[PDB]
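Residues 1 to 16, 21 to 124 in PDB author numbering are what the sequence shown lists, from first letter to last.
We put the CB at the ideal spot given by N, CA and C, even for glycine.
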Amino acid sequence: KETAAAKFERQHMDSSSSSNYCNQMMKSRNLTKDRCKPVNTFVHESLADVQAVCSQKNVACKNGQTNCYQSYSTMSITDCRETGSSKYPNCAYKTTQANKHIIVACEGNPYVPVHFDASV
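As structure tokens, this is what we get:
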């Protein structure tokens, strides 16, 4: 069974962005199977760099939990936002590139990212 950590990597990591990026990625990562996931974020930094955020700036999670961490330096990311003309099973997304600090919730042993909380 896929672990929470593995699920984070599948849903948010892309270390390897055109206007077609989100449409391709959201689909290839199985994020448009049960429904068109409203929004999603892909991080282009290395796994090691993203994992290192778990030992960085401790901040409150949006849900009120306390296991969230913010990156000390900005990170290359891509926001994927579902368009209005988008209709399942044909999910359409707006690909926006940016360089912002990321906030992820970490858990487990080893303590690794399990949820992407926000980009600031």
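Original post:
Is the stretch 62 to 71 touching the stretch 97 to 106 in the sense that three or more CB pairs, one from each, lie closer than 8 Å?
Top reply: Cβ pair count under 8 Å is below three, so no.
Subject >> Buried versus exposed call for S123 [16 or more other C-beta atoms within 10 Å across all chains shown] >> reply: So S123 ends up on the buried side.
Subject >> Assigned secondary structure, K31 (DSSP; H/G/I helix, E/B strand, else coil) >> reply: In this structure, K31 counts as helix in the three-state DSSP scheme.
**OP:** Spatial neighbours of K98 within its chain, please: CB distance less than 6 Å, with the 5 preceding and 5 following residues excluded, ordered by chain position.
**Re:** The beta carbon of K98 sits closer than 6 Å to the beta carbons of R85 and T87 from its chain, once the five residues preceding and following it are set aside; these are given in chain order.
Subject >> Nearest to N27 (by Cα), restricted to the options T45, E49 and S75 >> reply: Checked all of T45, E49 and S75; the closest Cα to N27 is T45.
**OP:** Find the nearest neighbour of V43 within the set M29, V54 and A56, judged by alpha-carbon distance.
**Re:** It is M29 whose Cα lies nearest to the Cα of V43.
Subject >> Neighbour-count burial assignment, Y76, 16 or more Cβ in a 10 Å radius >> reply: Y76 should be labelled exposed.
Original post:
Going by DSSP, what residues sit across from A109 in a beta bridge?
Top reply: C72 and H119, per the DSSP bridge assignment.
Original post:
What's the C-alpha gap between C95 and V63?
Top reply: Distance between the alpha carbons of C95 and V63 is about 33 Å.
Subject >> According to DSSP, residues forming a beta bridge with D83 >> reply: Per the DSSP secondary-structure output, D83 pairs in a beta bridge with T45 and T100.
Original post:
For the beta strand (DSSP E) that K61 lies in, which residues bound it at each end?
Top reply: Segment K61 to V63, the beta strand (DSSP E) holding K61.
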